[PDB]
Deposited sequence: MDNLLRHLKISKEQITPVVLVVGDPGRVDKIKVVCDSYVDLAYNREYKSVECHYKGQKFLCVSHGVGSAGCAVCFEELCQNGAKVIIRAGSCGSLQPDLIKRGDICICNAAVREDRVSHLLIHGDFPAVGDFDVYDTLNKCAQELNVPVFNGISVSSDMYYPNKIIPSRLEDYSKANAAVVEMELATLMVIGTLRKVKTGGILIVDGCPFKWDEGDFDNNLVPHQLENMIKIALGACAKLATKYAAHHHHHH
């Protein structure tokens, strides 16, 4: 069994949908056609989802880059071929990207540590195009407006007042949103030959919805099934 996910390599599907909150797994699994509870250890909850004729895991990775890296490494080193993260984010363009808006991200700022412990900082955190394109196409098909851009992946949710946050810098650099895991997923995926992507819903802004969440989940599930079809 995987040391922390507590599942076997035989239970790892080619496509895996990852989310941060173990509770969101339970909310996702009930909107699939059926499911099989697999394991629940620490913040890592794993369920096998059945959707549109296809099967793919949904696994929670917990909050933050170092914790999610444990999850992602165990999946990538044991059979996963596609990992899509669905999660929440904050808007770095509050005049254009509002609460409830959905963003499909192709790349990320590596404001973590574990990616730098894996490869030099000059290396890009970048998603797989085919995964990005699949998420965009599933949204168009469901007639759900979405934004596209770069996510700032930061290990600091609560800032202090001594070292200035770089969020305003990255906003001026046209980063779209902020969250805490995407860049780690992307680097690990690139290093391990796993195709990755990310779809995120805005729930706040670091500067001065149920319908949207349902839509984002449908997009994420729709894309997982489309990609899973290729590997079946």
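Not built in the structure, per the record, are deposited positions 1 to 3, 212 to 221, 246 to 252.
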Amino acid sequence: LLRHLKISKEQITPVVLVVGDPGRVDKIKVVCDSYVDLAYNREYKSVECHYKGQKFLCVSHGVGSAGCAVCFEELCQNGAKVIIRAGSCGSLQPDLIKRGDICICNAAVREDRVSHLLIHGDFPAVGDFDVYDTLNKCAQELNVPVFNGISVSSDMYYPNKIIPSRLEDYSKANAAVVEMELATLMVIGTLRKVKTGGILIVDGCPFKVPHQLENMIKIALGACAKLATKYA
From here on, numbers count along this sequence of modelled residues.
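Here 64 to 72 and 197 to 205 are compared by their mean Cα B-factor, and 197 to 205 comes out higher. According to the PDB record, 31 to 39 carries the higher mean C-alpha B-factor of the two stretches 31 to 39 and 186 to 194. If you compare the C-alpha temperature factors of 138, 86, 109, 117 in the entry, 138 comes out highest.
When the modelled residues of the chain are ordered by C-alpha B-factor, residue 15 sits in the middle third. When the CA B factors of the chain's modelled residues are split into thirds, the value for residue 124 lands in the lowest one.
Compared with the other modelled residues of the chain, the Cα B-factor recorded for residue 26 ranks in the highest third. In the PDB entry, residue 105 places in the lowest third of its chain by CA B-factor. Residue 81: CA B factor in the middle third of modelled residues in this chain (values from the PDB entry).
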